[PDB]
file target-v9.txt (compact mmCIF, N, CA and C atoms)
# COMPACT_ATOMS: atom_id res chain seq x y z
N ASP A 14 10.66 -44.11 -27.88
CA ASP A 14 9.90 -44.31 -29.10
C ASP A 14 8.52 -43.79 -28.85
N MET A 15 7.82 -43.36 -29.88
CA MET A 15 6.49 -42.83 -29.70
C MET A 15 5.48 -43.94 -29.45
N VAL A 16 5.48 -44.43 -28.23
CA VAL A 16 4.54 -45.43 -27.79
C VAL A 16 3.29 -44.75 -27.26
N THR A 17 2.36 -45.52 -26.79
CA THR A 17 1.09 -45.01 -26.33
C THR A 17 1.22 -44.01 -25.17
N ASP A 18 2.00 -44.34 -24.15
CA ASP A 18 2.17 -43.43 -22.99
C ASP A 18 2.90 -42.18 -23.40
N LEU A 19 3.81 -42.34 -24.35
CA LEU A 19 4.59 -41.25 -24.87
C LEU A 19 3.63 -40.31 -25.59
N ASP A 20 2.67 -40.89 -26.27
CA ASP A 20 1.69 -40.11 -27.01
C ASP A 20 0.75 -39.39 -26.05
N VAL A 21 0.45 -40.05 -24.94
CA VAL A 21 -0.38 -39.49 -23.88
C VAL A 21 0.29 -38.25 -23.28
N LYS A 22 1.51 -38.41 -22.80
CA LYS A 22 2.20 -37.31 -22.17
C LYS A 22 2.63 -36.27 -23.19
N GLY A 23 2.81 -36.70 -24.43
CA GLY A 23 3.13 -35.79 -25.50
C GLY A 23 1.96 -34.88 -25.78
N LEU A 24 0.77 -35.47 -25.78
CA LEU A 24 -0.46 -34.77 -25.97
C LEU A 24 -0.68 -33.79 -24.83
N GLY A 25 -0.62 -34.30 -23.63
CA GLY A 25 -0.76 -33.49 -22.43
C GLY A 25 0.24 -32.35 -22.38
N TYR A 26 1.49 -32.64 -22.69
CA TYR A 26 2.52 -31.63 -22.71
C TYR A 26 2.28 -30.62 -23.81
N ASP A 27 1.84 -31.06 -24.98
CA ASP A 27 1.62 -30.15 -26.11
C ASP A 27 0.49 -29.19 -25.79
N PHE A 28 -0.52 -29.74 -25.16
CA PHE A 28 -1.68 -29.01 -24.69
C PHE A 28 -1.25 -27.97 -23.65
N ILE A 29 -0.54 -28.41 -22.64
CA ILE A 29 -0.07 -27.53 -21.58
C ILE A 29 0.92 -26.49 -22.12
N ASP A 30 1.72 -26.90 -23.07
CA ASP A 30 2.67 -26.03 -23.75
C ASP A 30 1.93 -24.90 -24.41
N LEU A 31 0.93 -25.22 -25.21
CA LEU A 31 0.22 -24.20 -25.93
C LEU A 31 -0.58 -23.29 -24.98
N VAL A 32 -1.01 -23.85 -23.85
CA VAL A 32 -1.69 -23.07 -22.83
C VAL A 32 -0.71 -22.05 -22.19
N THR A 33 0.55 -22.42 -22.11
CA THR A 33 1.54 -21.60 -21.42
C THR A 33 2.47 -20.94 -22.42
N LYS A 34 2.02 -20.92 -23.66
CA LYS A 34 2.79 -20.42 -24.77
C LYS A 34 2.87 -18.89 -24.76
N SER A 35 3.71 -18.37 -25.65
CA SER A 35 4.05 -16.96 -25.79
C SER A 35 2.84 -16.01 -25.71
N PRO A 36 2.99 -14.87 -25.00
CA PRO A 36 1.95 -13.83 -24.94
C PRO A 36 1.97 -13.00 -26.23
N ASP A 37 2.97 -13.28 -27.04
CA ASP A 37 3.21 -12.63 -28.33
C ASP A 37 2.10 -12.97 -29.31
N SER A 38 1.51 -14.12 -29.13
CA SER A 38 0.45 -14.57 -29.97
C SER A 38 -0.90 -14.20 -29.36
N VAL A 39 -1.92 -14.14 -30.20
CA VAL A 39 -3.24 -13.65 -29.82
C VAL A 39 -3.82 -14.27 -28.54
N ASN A 40 -3.88 -15.58 -28.46
CA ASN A 40 -4.49 -16.24 -27.31
C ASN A 40 -4.00 -17.67 -27.20
N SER A 41 -3.65 -18.11 -26.00
CA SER A 41 -3.27 -19.50 -25.77
C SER A 41 -4.50 -20.37 -26.02
N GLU A 42 -5.64 -19.76 -25.72
CA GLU A 42 -6.94 -20.34 -25.90
C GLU A 42 -7.19 -20.60 -27.40
N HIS A 43 -6.51 -19.83 -28.25
CA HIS A 43 -6.65 -19.96 -29.70
C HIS A 43 -5.99 -21.25 -30.12
N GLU A 44 -4.80 -21.47 -29.60
CA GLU A 44 -4.02 -22.62 -29.91
C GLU A 44 -4.70 -23.84 -29.33
N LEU A 45 -5.37 -23.65 -28.21
CA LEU A 45 -6.10 -24.70 -27.59
C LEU A 45 -7.29 -25.11 -28.45
N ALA A 46 -8.01 -24.12 -28.95
CA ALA A 46 -9.15 -24.35 -29.83
C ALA A 46 -8.69 -25.08 -31.09
N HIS A 47 -7.51 -24.72 -31.52
CA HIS A 47 -6.90 -25.28 -32.71
C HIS A 47 -6.36 -26.70 -32.42
N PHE A 48 -6.01 -26.95 -31.17
CA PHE A 48 -5.56 -28.25 -30.73
C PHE A 48 -6.74 -29.19 -30.63
N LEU A 49 -7.82 -28.70 -30.06
CA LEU A 49 -8.97 -29.52 -29.80
C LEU A 49 -9.83 -29.73 -31.05
N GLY A 50 -9.46 -29.11 -32.15
CA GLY A 50 -10.17 -29.30 -33.42
C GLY A 50 -10.34 -30.79 -33.78
N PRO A 51 -9.23 -31.53 -33.98
CA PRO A 51 -9.26 -32.98 -34.24
C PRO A 51 -9.51 -33.80 -32.95
N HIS A 52 -9.55 -33.11 -31.83
CA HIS A 52 -9.68 -33.76 -30.54
C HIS A 52 -10.97 -33.28 -29.87
N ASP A 53 -11.95 -32.93 -30.72
CA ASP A 53 -13.26 -32.36 -30.31
C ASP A 53 -14.00 -33.24 -29.32
N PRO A 54 -14.06 -32.79 -28.06
CA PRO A 54 -14.75 -33.49 -27.01
C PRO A 54 -16.12 -32.90 -26.77
N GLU A 55 -16.78 -33.37 -25.76
CA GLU A 55 -18.03 -32.81 -25.39
C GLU A 55 -17.74 -31.65 -24.48
N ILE A 56 -17.82 -30.47 -25.02
CA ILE A 56 -17.49 -29.29 -24.28
C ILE A 56 -18.72 -28.81 -23.52
N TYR A 57 -18.75 -29.00 -22.26
CA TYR A 57 -19.89 -28.59 -21.48
C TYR A 57 -19.70 -27.24 -20.91
N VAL A 58 -20.37 -26.30 -21.45
CA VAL A 58 -20.23 -24.95 -21.02
C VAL A 58 -21.46 -24.57 -20.28
N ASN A 59 -21.26 -24.34 -19.00
CA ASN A 59 -22.31 -23.98 -18.05
C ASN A 59 -23.34 -25.09 -17.94
N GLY A 60 -22.94 -26.28 -18.33
CA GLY A 60 -23.81 -27.43 -18.29
C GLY A 60 -24.43 -27.76 -19.63
N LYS A 61 -24.07 -27.03 -20.68
CA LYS A 61 -24.60 -27.31 -22.00
C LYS A 61 -23.52 -27.81 -22.90
N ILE A 62 -23.82 -28.85 -23.64
CA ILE A 62 -22.86 -29.48 -24.51
C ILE A 62 -22.63 -28.58 -25.74
N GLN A 63 -21.40 -28.30 -25.97
CA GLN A 63 -20.94 -27.48 -27.04
C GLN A 63 -19.89 -28.28 -27.80
N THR A 64 -19.78 -28.05 -29.06
CA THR A 64 -18.74 -28.63 -29.85
C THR A 64 -17.61 -27.60 -30.00
N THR A 65 -16.49 -28.02 -30.60
CA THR A 65 -15.33 -27.18 -30.90
C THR A 65 -15.73 -25.80 -31.45
N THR A 66 -16.70 -25.79 -32.34
CA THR A 66 -17.12 -24.57 -33.00
C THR A 66 -17.84 -23.61 -32.03
N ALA A 67 -18.70 -24.15 -31.19
CA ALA A 67 -19.40 -23.37 -30.19
C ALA A 67 -18.41 -22.80 -29.19
N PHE A 68 -17.50 -23.65 -28.72
CA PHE A 68 -16.39 -23.24 -27.84
C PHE A 68 -15.66 -22.09 -28.48
N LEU A 69 -15.22 -22.33 -29.70
CA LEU A 69 -14.55 -21.33 -30.55
C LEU A 69 -15.34 -20.00 -30.57
N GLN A 70 -16.64 -20.08 -30.71
CA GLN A 70 -17.50 -18.93 -30.69
C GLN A 70 -17.43 -18.18 -29.35
N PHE A 71 -17.50 -18.90 -28.25
CA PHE A 71 -17.43 -18.26 -26.94
C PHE A 71 -16.03 -17.71 -26.72
N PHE A 72 -15.05 -18.43 -27.21
CA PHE A 72 -13.67 -18.02 -27.17
C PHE A 72 -13.48 -16.68 -27.88
N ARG A 73 -13.98 -16.58 -29.11
CA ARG A 73 -13.78 -15.38 -29.90
C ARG A 73 -14.53 -14.23 -29.27
N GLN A 74 -15.65 -14.55 -28.61
CA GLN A 74 -16.43 -13.55 -27.91
C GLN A 74 -15.77 -13.11 -26.60
N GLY A 75 -14.73 -13.82 -26.17
CA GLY A 75 -13.96 -13.41 -25.01
C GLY A 75 -14.26 -14.19 -23.74
N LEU A 76 -15.06 -15.22 -23.86
CA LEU A 76 -15.49 -16.01 -22.71
C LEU A 76 -14.35 -16.80 -22.07
N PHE A 77 -13.59 -17.51 -22.89
CA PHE A 77 -12.57 -18.41 -22.36
C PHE A 77 -11.23 -17.76 -22.19
N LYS A 78 -11.19 -16.45 -22.28
CA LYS A 78 -9.93 -15.73 -22.14
C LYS A 78 -9.36 -15.82 -20.72
N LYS A 79 -10.18 -16.26 -19.79
CA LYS A 79 -9.80 -16.40 -18.39
C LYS A 79 -9.00 -17.69 -18.18
N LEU A 80 -9.02 -18.56 -19.18
CA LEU A 80 -8.41 -19.88 -19.09
C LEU A 80 -6.90 -19.82 -18.83
N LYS A 81 -6.23 -18.75 -19.26
CA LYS A 81 -4.77 -18.73 -19.05
C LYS A 81 -4.41 -17.90 -17.83
N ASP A 82 -5.42 -17.43 -17.13
CA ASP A 82 -5.23 -16.69 -15.88
C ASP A 82 -5.63 -17.62 -14.74
N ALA A 83 -5.82 -18.87 -15.11
CA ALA A 83 -6.31 -19.90 -14.23
C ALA A 83 -5.20 -20.66 -13.53
N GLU A 84 -5.54 -21.17 -12.38
CA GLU A 84 -4.65 -21.95 -11.56
C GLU A 84 -4.86 -23.45 -11.84
N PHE A 85 -3.77 -24.15 -12.01
CA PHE A 85 -3.77 -25.58 -12.22
C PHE A 85 -2.76 -26.20 -11.28
N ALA A 86 -2.95 -27.46 -10.97
CA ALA A 86 -2.08 -28.16 -10.05
C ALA A 86 -1.98 -29.61 -10.49
N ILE A 87 -1.26 -30.41 -9.75
CA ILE A 87 -1.16 -31.81 -10.07
C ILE A 87 -2.43 -32.54 -9.62
N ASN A 88 -3.19 -33.03 -10.56
CA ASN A 88 -4.41 -33.75 -10.24
C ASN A 88 -4.11 -35.21 -9.98
N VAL A 89 -4.99 -35.88 -9.27
CA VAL A 89 -4.79 -37.26 -8.89
C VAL A 89 -4.87 -38.22 -10.08
N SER A 90 -3.92 -39.12 -10.14
CA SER A 90 -3.82 -40.12 -11.19
C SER A 90 -3.04 -41.33 -10.64
N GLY A 91 -3.02 -41.44 -9.33
CA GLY A 91 -2.22 -42.45 -8.67
C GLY A 91 -2.80 -43.84 -8.78
N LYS A 92 -4.10 -43.94 -8.68
CA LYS A 92 -4.74 -45.23 -8.79
C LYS A 92 -4.99 -45.59 -10.24
N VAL A 93 -4.01 -46.25 -10.84
CA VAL A 93 -4.10 -46.70 -12.21
C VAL A 93 -4.79 -48.06 -12.22
N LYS A 94 -5.94 -48.11 -12.81
CA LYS A 94 -6.81 -49.28 -12.77
C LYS A 94 -6.79 -50.11 -14.08
N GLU A 95 -7.43 -49.58 -15.10
CA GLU A 95 -7.69 -50.22 -16.38
C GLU A 95 -8.67 -49.31 -17.12
N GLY A 96 -8.16 -48.55 -18.07
CA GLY A 96 -8.99 -47.57 -18.75
C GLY A 96 -9.08 -46.33 -17.89
N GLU A 97 -8.00 -45.58 -17.86
CA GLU A 97 -7.86 -44.47 -16.94
C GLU A 97 -8.64 -43.25 -17.37
N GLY A 98 -8.68 -42.29 -16.50
CA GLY A 98 -9.34 -41.06 -16.76
C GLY A 98 -8.68 -39.97 -16.00
N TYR A 99 -8.52 -38.85 -16.61
CA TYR A 99 -7.91 -37.72 -15.98
C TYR A 99 -8.89 -36.60 -16.07
N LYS A 100 -8.96 -35.80 -15.08
CA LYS A 100 -9.77 -34.63 -15.14
C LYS A 100 -9.00 -33.47 -14.56
N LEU A 101 -8.44 -32.70 -15.44
CA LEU A 101 -7.63 -31.58 -15.08
C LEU A 101 -8.51 -30.40 -14.89
N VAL A 102 -8.43 -29.78 -13.76
CA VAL A 102 -9.25 -28.65 -13.50
C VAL A 102 -8.42 -27.40 -13.30
N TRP A 103 -8.88 -26.35 -13.90
CA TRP A 103 -8.33 -25.04 -13.77
C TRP A 103 -9.35 -24.17 -13.12
N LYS A 104 -8.92 -23.33 -12.25
CA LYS A 104 -9.81 -22.36 -11.71
C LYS A 104 -9.30 -21.03 -12.11
N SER A 105 -10.10 -20.28 -12.81
CA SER A 105 -9.69 -18.97 -13.24
C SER A 105 -9.49 -18.12 -12.01
N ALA A 106 -8.59 -17.14 -12.10
CA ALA A 106 -8.24 -16.34 -10.96
C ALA A 106 -9.45 -15.71 -10.35
N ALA A 107 -9.66 -16.06 -9.12
CA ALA A 107 -10.76 -15.62 -8.36
C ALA A 107 -10.68 -14.12 -8.16
N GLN A 108 -11.77 -13.45 -8.43
CA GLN A 108 -11.83 -12.01 -8.38
C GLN A 108 -12.73 -11.56 -7.26
N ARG A 109 -12.29 -10.55 -6.54
CA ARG A 109 -12.96 -10.07 -5.34
C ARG A 109 -14.41 -9.64 -5.64
N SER A 110 -15.32 -10.31 -5.01
CA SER A 110 -16.72 -10.12 -5.25
C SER A 110 -17.41 -9.45 -4.05
N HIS A 111 -18.72 -9.49 -4.03
CA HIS A 111 -19.52 -8.75 -3.06
C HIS A 111 -19.69 -9.46 -1.71
N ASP A 112 -20.27 -10.63 -1.75
CA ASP A 112 -20.80 -11.29 -0.53
C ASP A 112 -19.75 -12.13 0.23
N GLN A 113 -18.50 -11.65 0.27
CA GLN A 113 -17.37 -12.29 1.01
C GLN A 113 -16.98 -13.65 0.37
N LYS A 114 -17.53 -13.89 -0.78
CA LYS A 114 -17.19 -15.02 -1.58
C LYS A 114 -16.57 -14.51 -2.83
N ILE A 115 -15.98 -15.36 -3.59
CA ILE A 115 -15.18 -14.90 -4.69
C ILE A 115 -15.74 -15.48 -5.99
N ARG A 116 -15.58 -14.76 -7.09
CA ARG A 116 -16.05 -15.21 -8.38
C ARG A 116 -14.88 -15.80 -9.15
N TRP A 117 -15.07 -16.97 -9.69
CA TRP A 117 -14.05 -17.60 -10.50
C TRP A 117 -14.73 -18.42 -11.59
N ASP A 118 -13.99 -18.90 -12.54
CA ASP A 118 -14.54 -19.75 -13.59
C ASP A 118 -13.84 -21.06 -13.46
N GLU A 119 -14.53 -22.15 -13.60
CA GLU A 119 -13.87 -23.44 -13.44
C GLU A 119 -13.88 -24.19 -14.74
N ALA A 120 -12.81 -24.88 -15.00
CA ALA A 120 -12.67 -25.63 -16.21
C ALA A 120 -12.13 -27.01 -15.90
N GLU A 121 -12.91 -28.00 -16.19
CA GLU A 121 -12.55 -29.39 -15.96
C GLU A 121 -12.45 -30.14 -17.28
N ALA A 122 -11.27 -30.51 -17.66
CA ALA A 122 -11.07 -31.28 -18.85
C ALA A 122 -10.94 -32.76 -18.50
N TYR A 123 -11.90 -33.54 -18.94
CA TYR A 123 -11.95 -34.96 -18.67
C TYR A 123 -11.40 -35.69 -19.88
N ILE A 124 -10.36 -36.42 -19.66
CA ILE A 124 -9.70 -37.20 -20.68
C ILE A 124 -9.80 -38.63 -20.26
N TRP A 125 -9.94 -39.53 -21.18
CA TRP A 125 -9.90 -40.90 -20.80
C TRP A 125 -8.77 -41.55 -21.54
N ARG A 126 -8.14 -42.49 -20.91
CA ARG A 126 -7.09 -43.20 -21.54
C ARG A 126 -7.71 -44.41 -22.15
N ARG A 127 -7.82 -44.34 -23.45
CA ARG A 127 -8.40 -45.34 -24.28
C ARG A 127 -7.64 -46.64 -24.07
N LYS A 128 -8.34 -47.75 -24.14
CA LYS A 128 -7.76 -49.08 -23.90
C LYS A 128 -6.64 -49.39 -24.92
N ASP A 129 -6.66 -48.64 -26.00
CA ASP A 129 -5.63 -48.65 -27.04
C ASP A 129 -4.28 -48.14 -26.49
N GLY A 130 -4.33 -47.46 -25.36
CA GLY A 130 -3.13 -46.97 -24.73
C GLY A 130 -2.98 -45.47 -24.85
N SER A 131 -3.71 -44.88 -25.75
CA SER A 131 -3.66 -43.47 -26.00
C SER A 131 -4.72 -42.77 -25.16
N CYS A 132 -4.77 -41.48 -25.22
CA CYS A 132 -5.74 -40.74 -24.45
C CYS A 132 -6.44 -39.74 -25.35
N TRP A 133 -7.70 -39.53 -25.12
CA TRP A 133 -8.43 -38.60 -25.91
C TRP A 133 -9.36 -37.81 -25.00
N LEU A 134 -9.70 -36.64 -25.45
CA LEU A 134 -10.54 -35.73 -24.73
C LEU A 134 -11.95 -36.31 -24.67
N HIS A 135 -12.35 -36.69 -23.50
CA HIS A 135 -13.62 -37.30 -23.29
C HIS A 135 -14.68 -36.21 -23.34
N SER A 136 -14.55 -35.28 -22.45
CA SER A 136 -15.45 -34.17 -22.37
C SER A 136 -14.74 -33.12 -21.57
N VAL A 137 -15.01 -31.88 -21.79
CA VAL A 137 -14.40 -30.86 -20.98
C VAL A 137 -15.50 -29.91 -20.59
N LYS A 138 -15.53 -29.52 -19.37
CA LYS A 138 -16.58 -28.71 -18.85
C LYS A 138 -16.05 -27.36 -18.42
N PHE A 139 -16.72 -26.32 -18.85
CA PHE A 139 -16.38 -24.99 -18.47
C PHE A 139 -17.55 -24.40 -17.77
N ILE A 140 -17.34 -23.91 -16.61
CA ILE A 140 -18.39 -23.30 -15.86
C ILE A 140 -17.95 -21.94 -15.47
N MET A 141 -18.40 -21.01 -16.23
CA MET A 141 -17.93 -19.66 -16.12
C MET A 141 -18.72 -18.88 -15.12
N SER A 142 -17.96 -18.27 -14.24
CA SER A 142 -18.44 -17.46 -13.17
C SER A 142 -19.27 -18.25 -12.17
N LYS A 143 -18.55 -18.96 -11.37
CA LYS A 143 -19.06 -19.75 -10.31
C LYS A 143 -18.49 -19.24 -9.01
N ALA A 144 -18.92 -19.84 -7.95
CA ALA A 144 -18.49 -19.51 -6.63
C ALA A 144 -18.82 -20.69 -5.76
N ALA A 145 -18.42 -20.63 -4.54
CA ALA A 145 -18.71 -21.64 -3.58
C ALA A 145 -19.11 -20.92 -2.31
N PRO A 146 -20.03 -21.49 -1.52
CA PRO A 146 -20.42 -20.89 -0.25
C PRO A 146 -19.22 -20.80 0.68
N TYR A 147 -19.01 -19.64 1.23
CA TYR A 147 -17.91 -19.44 2.09
C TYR A 147 -18.26 -19.96 3.47
N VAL A 148 -17.30 -20.46 4.16
CA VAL A 148 -17.52 -21.00 5.47
C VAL A 148 -17.40 -19.91 6.53
N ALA A 149 -18.45 -19.71 7.26
CA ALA A 149 -18.44 -18.75 8.32
C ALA A 149 -18.74 -19.46 9.61

call {"tool": "encode", "arguments": {"input": "target-v9.txt", "output": "C-alpha cells"}}
result
Amino acid sequence: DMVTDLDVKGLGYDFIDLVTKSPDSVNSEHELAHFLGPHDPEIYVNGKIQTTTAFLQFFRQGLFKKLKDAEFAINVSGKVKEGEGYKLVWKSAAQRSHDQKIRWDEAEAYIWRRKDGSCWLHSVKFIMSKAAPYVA
C-alpha cells in the first residue's frame, strides 16, 4: 500500500528513474527540474541558494548537464534515529586536468525524512568544477 516508506522509496526511485531515463529525451536533468518543481528545495549552487527557477536557468544554460555523467553509490543510511536525513552525492565524471588533480562537479542532495513519515528535498547543493588536493 502507498504508505510513508513506500512514498519515500517511490520518490527516490522516481527521481533516480528520471535521472537514468532514456537518452531519447532532451535531458534527464530536465525531468529532474520538472520533478523538483513541487519539491523545490534550497538549491545551493557553488554555495549560493538558488530556487527551482535559478537551477532551471543554469540547467538550460548547460551547467547541470554533467549530472547524468556523474557517479553515484549507496550512501549511508544505516543509523536510523528519528527524523532521518539522506544526502545523496554524485560526482560528475572527473576530467583530466593540469596539476595532477582532477576536475569534477559535485552534487549533494540532502533530503530529510519528515516526522510525517515521508521525505522531502531539504536542500541540494551543486558545486560545479571542484577538485581535491591530491596526495603526494

call {"tool": "atom_distance", "arguments": {"input": "target-v9.txt", "atom1": "atom CA of residue 43 of chain A", "atom2": "atom CA of residue 68 of chain A"}}
result
10.4 Å

call {"tool": "closest_residue", "arguments": {"input": "target-v9.txt", "among": "A:136, A:99, A:144, A:60", "to": "residue 117 of chain A", "atoms": "all atoms listed in the file"}}
result
A:144

call {"tool": "select_by_dssp", "arguments": {"input": "target-v9.txt", "residues": "chain A", "states": "helix (DSSP H, G or I)", "output": "JSON, numbers by chain"}}
result
{"A": [17, 18, 19, 20, 21, 22, 23, 24, 25, 26, 27, 28, 29, 30, 31, 32, 41, 42, 43, 44, 45, 46, 47, 48, 65, 66, 67, 68, 69, 70, 71, 72, 73, 76, 77, 78, 79, 80, 81, 82]}

call {"tool": "write_last_selection", "arguments": {"input": "target-v9.txt", "atoms": "N, CA and C atoms", "output": "compact mmCIF listing (two decimals), in the frame of the given file"}}
result
# COMPACT_ATOMS: atom_id res chain seq x y z
N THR A 17 2.36 -45.52 -26.79
CA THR A 17 1.09 -45.01 -26.33
C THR A 17 1.22 -44.01 -25.17
N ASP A 18 2.00 -44.34 -24.15
CA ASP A 18 2.17 -43.43 -22.99
C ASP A 18 2.90 -42.18 -23.40
N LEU A 19 3.81 -42.34 -24.35
CA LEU A 19 4.59 -41.25 -24.87
C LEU A 19 3.63 -40.31 -25.59
N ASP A 20 2.67 -40.89 -26.27
CA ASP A 20 1.69 -40.11 -27.01
C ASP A 20 0.75 -39.39 -26.05
N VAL A 21 0.45 -40.05 -24.94
CA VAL A 21 -0.38 -39.49 -23.88
C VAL A 21 0.29 -38.25 -23.28
N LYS A 22 1.51 -38.41 -22.80
CA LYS A 22 2.20 -37.31 -22.17
C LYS A 22 2.63 -36.27 -23.19
N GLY A 23 2.81 -36.70 -24.43
CA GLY A 23 3.13 -35.79 -25.50
C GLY A 23 1.96 -34.88 -25.78
N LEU A 24 0.77 -35.47 -25.78
CA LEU A 24 -0.46 -34.77 -25.97
C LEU A 24 -0.68 -33.79 -24.83
N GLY A 25 -0.62 -34.30 -23.63
CA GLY A 25 -0.76 -33.49 -22.43
C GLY A 25 0.24 -32.35 -22.38
N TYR A 26 1.49 -32.64 -22.69
CA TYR A 26 2.52 -31.63 -22.71
C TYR A 26 2.28 -30.62 -23.81
N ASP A 27 1.84 -31.06 -24.98
CA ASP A 27 1.62 -30.15 -26.11
C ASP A 27 0.49 -29.19 -25.79
N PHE A 28 -0.52 -29.74 -25.16
CA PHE A 28 -1.68 -29.01 -24.69
C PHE A 28 -1.25 -27.97 -23.65
N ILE A 29 -0.54 -28.41 -22.64
CA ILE A 29 -0.07 -27.53 -21.58
C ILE A 29 0.92 -26.49 -22.12
N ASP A 30 1.72 -26.90 -23.07
CA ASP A 30 2.67 -26.03 -23.75
C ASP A 30 1.93 -24.90 -24.41
N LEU A 31 0.93 -25.22 -25.21
CA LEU A 31 0.22 -24.20 -25.93
C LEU A 31 -0.58 -23.29 -24.98
N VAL A 32 -1.01 -23.85 -23.85
CA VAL A 32 -1.69 -23.07 -22.83
C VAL A 32 -0.71 -22.05 -22.19
N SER A 41 -3.65 -18.11 -26.00
CA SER A 41 -3.27 -19.50 -25.77
C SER A 41 -4.50 -20.37 -26.02
N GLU A 42 -5.64 -19.76 -25.72
CA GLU A 42 -6.94 -20.34 -25.90
C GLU A 42 -7.19 -20.60 -27.40
N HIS A 43 -6.51 -19.83 -28.25
CA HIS A 43 -6.65 -19.96 -29.70
C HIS A 43 -5.99 -21.25 -30.12
N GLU A 44 -4.80 -21.47 -29.60
CA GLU A 44 -4.02 -22.62 -29.91
C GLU A 44 -4.70 -23.84 -29.33
N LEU A 45 -5.37 -23.65 -28.21
CA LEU A 45 -6.10 -24.70 -27.59
C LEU A 45 -7.29 -25.11 -28.45
N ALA A 46 -8.01 -24.12 -28.95
CA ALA A 46 -9.15 -24.35 -29.83
C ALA A 46 -8.69 -25.08 -31.09
N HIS A 47 -7.51 -24.72 -31.52
CA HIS A 47 -6.90 -25.28 -32.71
C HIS A 47 -6.36 -26.70 -32.42
N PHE A 48 -6.01 -26.95 -31.17
CA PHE A 48 -5.56 -28.25 -30.73
C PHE A 48 -6.74 -29.19 -30.63
N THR A 65 -16.49 -28.02 -30.60
CA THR A 65 -15.33 -27.18 -30.90
C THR A 65 -15.73 -25.80 -31.45
N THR A 66 -16.70 -25.79 -32.34
CA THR A 66 -17.12 -24.57 -33.00
C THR A 66 -17.84 -23.61 -32.03
N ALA A 67 -18.70 -24.15 -31.19
CA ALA A 67 -19.40 -23.37 -30.19
C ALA A 67 -18.41 -22.80 -29.19
N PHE A 68 -17.50 -23.65 -28.72
CA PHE A 68 -16.39 -23.24 -27.84
C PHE A 68 -15.66 -22.09 -28.48
N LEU A 69 -15.22 -22.33 -29.70
CA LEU A 69 -14.55 -21.33 -30.55
C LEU A 69 -15.34 -20.00 -30.57
N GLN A 70 -16.64 -20.08 -30.71
CA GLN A 70 -17.50 -18.93 -30.69
C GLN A 70 -17.43 -18.18 -29.35
N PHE A 71 -17.50 -18.90 -28.25
CA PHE A 71 -17.43 -18.26 -26.94
C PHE A 71 -16.03 -17.71 -26.72
N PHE A 72 -15.05 -18.43 -27.21
CA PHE A 72 -13.67 -18.02 -27.17
C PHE A 72 -13.48 -16.68 -27.88
N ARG A 73 -13.98 -16.58 -29.11
CA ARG A 73 -13.78 -15.38 -29.90
C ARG A 73 -14.53 -14.23 -29.27
N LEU A 76 -15.06 -15.22 -23.86
CA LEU A 76 -15.49 -16.01 -22.71
C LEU A 76 -14.35 -16.80 -22.07
N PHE A 77 -13.59 -17.51 -22.89
CA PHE A 77 -12.57 -18.41 -22.36
C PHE A 77 -11.23 -17.76 -22.19
N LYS A 78 -11.19 -16.45 -22.28
CA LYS A 78 -9.93 -15.73 -22.14
C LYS A 78 -9.36 -15.82 -20.72
N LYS A 79 -10.18 -16.26 -19.79
CA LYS A 79 -9.80 -16.40 -18.39
C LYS A 79 -9.00 -17.69 -18.18
N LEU A 80 -9.02 -18.56 -19.18
CA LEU A 80 -8.41 -19.88 -19.09
C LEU A 80 -6.90 -19.82 -18.83
N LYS A 81 -6.23 -18.75 -19.26
CA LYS A 81 -4.77 -18.73 -19.05
C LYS A 81 -4.41 -17.90 -17.83
N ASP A 82 -5.42 -17.43 -17.13
CA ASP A 82 -5.23 -16.69 -15.88
C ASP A 82 -5.63 -17.62 -14.74

call {"tool": "atom_distance", "arguments": {"input": "target-v9.txt", "atom1": "atom CA of residue 85 of chain A", "atom2": "atom N of residue 128 of chain A"}}
result
25.6 Å

call {"tool": "atom_distance", "arguments": {"input": "target-v9.txt", "atom1": "atom CA of residue 95 of chain A", "atom2": "atom CA of residue 48 of chain A"}}
result
26.3 Å

call {"tool": "residues_around", "arguments": {"input": "target-v9.txt", "residues": "residue 113 of chain A", "least_positions_apart": "4", "cutoff": "12 Å", "atoms": "only C-alpha atoms", "output": "PyMOL selection string"}}
result
chain A and resi 107-109+144-149

call {"tool": "closest_residue", "arguments": {"input": "target-v9.txt", "among": "A:132, A:66, A:35, A:23", "to": "residue 50 of chain A", "atoms": "all atoms listed in the file"}}
result
A:66

call {"tool": "closest_residue", "arguments": {"input": "target-v9.txt", "among": "A:126, A:40, A:15, A:31", "to": "residue 90 of chain A", "atoms": "only C-alpha atoms"}}
result
A:126

call {"tool": "decode", "arguments": {"input": "target-v9.txt", "residues": "segment 59-66 of chain A", "atoms": "N, CA and C atoms", "output": "CSV table (one decimal), in the first residue's frame"}}
result
chain,number,residue,atom,x,y,z
A,59,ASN,N,27.2,26.4,-5.9
A,59,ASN,CA,28.5,27.0,-5.6
A,59,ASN,C,28.5,27.7,-4.3
A,60,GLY,N,27.5,27.4,-3.5
A,60,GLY,CA,27.4,28.0,-2.2
A,60,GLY,C,26.3,29.0,-2.1
A,61,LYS,N,25.6,29.3,-3.2
A,61,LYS,CA,24.6,30.2,-3.2
A,61,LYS,C,23.2,29.6,-3.4
A,62,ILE,N,22.3,30.0,-2.6
A,62,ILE,CA,21.0,29.5,-2.6
A,62,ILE,C,20.2,29.9,-3.9
A,63,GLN,N,19.7,28.9,-4.6
A,63,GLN,CA,19.0,29.1,-5.8
A,63,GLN,C,17.7,28.3,-5.6
A,64,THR,N,16.7,28.8,-6.2
A,64,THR,CA,15.4,28.1,-6.3
A,64,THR,C,15.3,27.3,-7.6
A,65,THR,N,14.3,26.5,-7.7
A,65,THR,CA,14.0,25.7,-8.9
A,65,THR,C,14.2,26.4,-10.2
A,66,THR,N,13.8,27.7,-10.2
A,66,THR,CA,13.9,28.5,-11.4
A,66,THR,C,15.3,28.9,-11.8
